[PDB]
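Only one structure is covered here, and it is reproduced in the block below.
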Amino acid sequence: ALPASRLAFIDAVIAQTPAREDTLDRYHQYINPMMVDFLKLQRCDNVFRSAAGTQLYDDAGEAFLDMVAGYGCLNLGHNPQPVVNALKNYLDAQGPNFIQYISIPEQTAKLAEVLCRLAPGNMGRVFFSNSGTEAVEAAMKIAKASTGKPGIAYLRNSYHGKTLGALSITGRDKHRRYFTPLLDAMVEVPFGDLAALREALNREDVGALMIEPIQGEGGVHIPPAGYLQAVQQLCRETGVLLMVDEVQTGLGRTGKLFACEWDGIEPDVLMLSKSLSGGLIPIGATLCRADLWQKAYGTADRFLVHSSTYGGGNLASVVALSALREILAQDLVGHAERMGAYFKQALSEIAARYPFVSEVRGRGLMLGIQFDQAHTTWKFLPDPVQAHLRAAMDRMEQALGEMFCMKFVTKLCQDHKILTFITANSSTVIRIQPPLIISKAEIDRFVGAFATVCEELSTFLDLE
Amino acid sequence: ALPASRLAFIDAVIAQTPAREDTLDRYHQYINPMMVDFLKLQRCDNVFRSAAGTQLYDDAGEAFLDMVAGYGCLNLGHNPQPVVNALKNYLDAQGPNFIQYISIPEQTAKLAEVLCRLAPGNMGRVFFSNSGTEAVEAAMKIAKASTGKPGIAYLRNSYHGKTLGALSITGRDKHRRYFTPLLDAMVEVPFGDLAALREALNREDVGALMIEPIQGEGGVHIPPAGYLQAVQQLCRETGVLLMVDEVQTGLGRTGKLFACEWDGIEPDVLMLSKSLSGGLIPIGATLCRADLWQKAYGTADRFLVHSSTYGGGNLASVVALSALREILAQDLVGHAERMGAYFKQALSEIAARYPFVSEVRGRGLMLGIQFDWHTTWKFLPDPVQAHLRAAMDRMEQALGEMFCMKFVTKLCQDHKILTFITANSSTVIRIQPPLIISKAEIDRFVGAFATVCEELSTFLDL
Ligand SMILES: *Cc1c(COP(=O)(O)O)cnc(C)c1O
Ligand SMILES: *Cc1c(COP(=O)(O)O)cnc(C)c1O
Ligand SMILES: [Mg+2]
Ligand SMILES: [Mg+2]
């Protein structure tokens, strides 16, 4: 009946392989009770015990096919062995890690050289951070410090991260709603609208523009035919920096090492994260022209102005170096294109048999599927009560659209053990974002399950 | 040429085993040439080949003693083997990593329960992020959304990170000046000042206050005798959240598992990072009261509003758990205290022997050391006089920057010891070693510091 010591408590926690229920209890208590209740509600409250390649294994050992791939940080799949080996070996060699501001980091130097030479444009500099949002802040500050102007234009339905800097150029109200006011001088331009973008970019206080090659968390929209290039030229016209967020489209995901390659876009600043981790170690990178970095920070007061405690550690860089390598050795760029074209075709063929399935969009292995579905006593209710009931019912109607889409998510997980999800900005687009190592066998299996699910929901909408 | 394929290029870089001179070049070119040039200057432009414990080693095997410790993320030293083992083992077991938003992560779950058990106050939730600045940023967001008020008070000379949100509450101008304007409704309040504080805390605009238990980049100042406990009760008085950044002071650095302990502070929101990585894997943590989280996020629309791709991955959590375990298992908090007291004393003995060394401050192993033709001019245009005066002065300050820095160079070049100067202040040398430091290592450094102290007195005659 006497209490354990701290250490014994901790020892007993670390060492235990806990029951799934106890893990579910623990999250619920100490992390996010709504998240738990939600997955339980969607009947996808999984506890994964192991992972390899395209598979996640639960606590009973059952396998799941992972089309989320950690929202895009798993291009190489779960636990890729060469990346794993690279990491292990570095540690065995007692390589130094977090020493990048007290000495010159050997491995980070390697990655910087590599990234710049592979990057599009004329990148000469890199700052290393630990995440997407952080890599975005880094670009933001470069824009600010080199131009001296505090403004940045962004496009509606952009997603650039959730730190408040990044949030200020994130074109989606559901994410920004609660944190007003954000930063002044950022400008939302409607998407694909170029005359409007001339207006925004002429503005005295605007130094830069931030775009994504394809908007991801904004429902997988490839820009129109001439847009990105026009944007590029317009930015040259106006003296504005072109800043390209490739945290999501980068590293072979759209069928090119960089999505920029599709339209010959030459950024002034570029942002990488997600899969640069090798799905192992958090990492971000921000590349820019050497001469911009010069205007930003090439002064004795300025050269350490932006810095990061973890950012640029040798370890992460060892990992990334190895991740990149594997993307290249395994022809995953080519696979993404090829398998990507195949998947899209195949899905489209199912989607043009179902009116609720509207469209299949994307490039390489970045895809989304869009759905599209759906007296006196009253006279003498107060107007307030009537207005309130009207509005609820309105908003409910729309939510009924996303509930339909989540119905897909749930059936795939529950009936077919396939993990998919929905994008953060739109809740009406299923993301389809497999690891790039994905097989034809696996693709075809996804195609059939999805046909099964359309075939079932069509019949549920038929008993009405 | 022609040019090499992308693969063979990468493979060549990977395979190469570069000379120290090539790394520098490479870094000069692609990362930060000012930094590289700086280090040549200080004569501390090392490229380290391995590291273990308190030791860093170069191309040739030469040992340096590490008084910087990654700026506080290495309480356990370089490559602590239990932590390295846990990592390797989780990888060998094929543990899933970044699955925290598509499923329920088991290891992360554990870490959150532990941290809540160990945290002071009554912490009931945790959000995992990837760095210090990101955890603050998550503190700021909890504050904004639980209260609905956009403003946060902060203390002058505070340091909370370099992302834009955090920087809006970092009270140091050398860090903000280029990136104005920052976020609105954030009030800087002077440090030590209760009335300035109460004043600010009463604004209708302000929902929270943020503080460090010892200001890190502001010269290692233990706050005055009753201040923190008063702030806590001021925050209660006013219904303003108390938010404590223990990024630097947490995990044994000051001789208590959390520095809050020294003054029985009970935060509403607490931040953690740096040493939580065990020096391996970037990680951040933000803890709050559960009723706070409910207010901020406990709804259908709000429960996923704050999130992170990497944040809350199993791997980092495994590492963090292991490193916690080690701090506890090796009595490292007591060691910091005990070793800390001794180090402080020992440095005190020396500095009373010199007057350019004014003060030695800190608790445990968070320490700092403080330091201390007629007509021609006449007929110069006024602007000219005003520019040469302003410069001449600004140098005045700078001459004392260079004095400290000289001490750093000397420690490095002649004794192979690494130290630095705080990020906000330049006239304070940090002494912030891994908590595994030994009495002997401490003696070696005290001795070195004495040697240098003299050779800058002797040289401070002419
Ligand atoms: C995911 C994402 C980010 C932010 O990444 P985090 O790592 O979550 O910070 C930024 N930009 C884009 C385009 C993204 O997809
Ligand atoms: C270093 C530091 C931060 C920022 O940490 P990063 O991980 O470098 O972002 C925040 N708060 C305090 C008190 C710190 O010392
Ligand atoms: Mg259709
Ligand atoms: Mg003295």
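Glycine also receives a Cβ, built like all others from the backbone with ideal geometry; neighbour counts cover every protein chain displayed. Basis: the model, the stated rules and, where named, an outside source; no laboratory instrument gave them.
Below, the figures for the structure above:
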| quantity | calculated |
| --- | --- |
| Residue within the stretch A:139-147 that is touching a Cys at 6+ places or on another chain (Cβ under 6 Å) and in the same structural domain as A:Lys274 (by CATH) present | yes |
| Of all residues making up the stretch B:337-371, the number that are under 19 Å from the mean Cα position of the chain (by Cα) and either small (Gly, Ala, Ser) or within 16 Å of ligand 3 (Cβ to nearest atom) (or both) | 4 |
| Selected residue (criterion: nearest to ligand 3 (Cβ to nearest atom)) from residues of the stretch B:302-336 that are of a type in the set (S, T, N, Q) and buried (at least 22 other Cβ atoms within 10 Å of the Cβ) | B:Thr309 |
| Count - residues of the stretch A:54-83 that are at the interface with chain B (Cβ under 7 Å from one of its Cβ atoms) and either under 17 Å from A:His416 (Cβ atoms) or surrounded by fewer than 20 Cβ atoms within 10 Å (Cβ to Cβ) (or both) | 2 |
| Subset of the stretch A:370-417 (residues that are touching an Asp or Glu at 6+ places or on another chain (Cβ under 8 Å) and not hydrophobic (A, V, I, L, M, F, W, C)) | A:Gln370, A:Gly401, A:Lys411, A:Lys417 |
| Filtered residue count, the stretch A:198-230, keeping only those that are closer than 22 Å to A:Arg363 by Cα and more than 16 Å from ligand 1 (Cβ to nearest atom) | 6 |
| Top-ranked residue of the stretch A:363-381 - restricted to ones that are under 16 Å from A:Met67 (Cα atoms) and either within 16 Å of ligand 1 (Cβ to nearest atom) or in a helix (DSSP H, G or I) (or both), ranked as farthest from the other protein chains (Cβ to nearest Cβ) | A:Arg363 |
| So A:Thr286, is it polar (S, T, N, Q), within 16 Å of A:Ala138 (Cβ to Cβ), in contact with a strand residue (DSSP E or B) (Cβ under 6 Å, 6 or more places away or on another chain) and away from ligand 4 (no atom under 16 Å from the Cβ) | yes |
| Single condition A:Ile437 does not satisfy, out of (1) in a loop (DSSP other than H, G, I, E, B); (2) within 15 Å of ligand 3 (Cβ to nearest atom) | (2) |
| Given (1) surrounded by fewer than 18 Cβ atoms within 10 Å (Cβ to Cβ); (2) in contact with a helix residue (DSSP H, G or I) (Cβ under 6 Å, 6 or more places away or on another chain); (3) among the hydroxyl-bearing types (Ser, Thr, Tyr), number of the condition B:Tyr30 does not satisfy | (1) |
| Test: residue in the stretch A:341-355 that is away from ligand 4 (no atom under 16 Å from the Cβ), within 14 Å of another protein chain (Cβ to nearest Cβ) and surrounded by fewer than 24 Cβ atoms within 10 Å (Cβ to Cβ) | no |
| Residue match in the stretch B:302-314 (condition: more than 16 Å from ligand 2 (Cβ to nearest atom), among the β-branched types (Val, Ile, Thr), assigned by CATH to the domain that holds B:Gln100 and more than 20 Å from the chain's Cα centre (by Cα)) | yes |
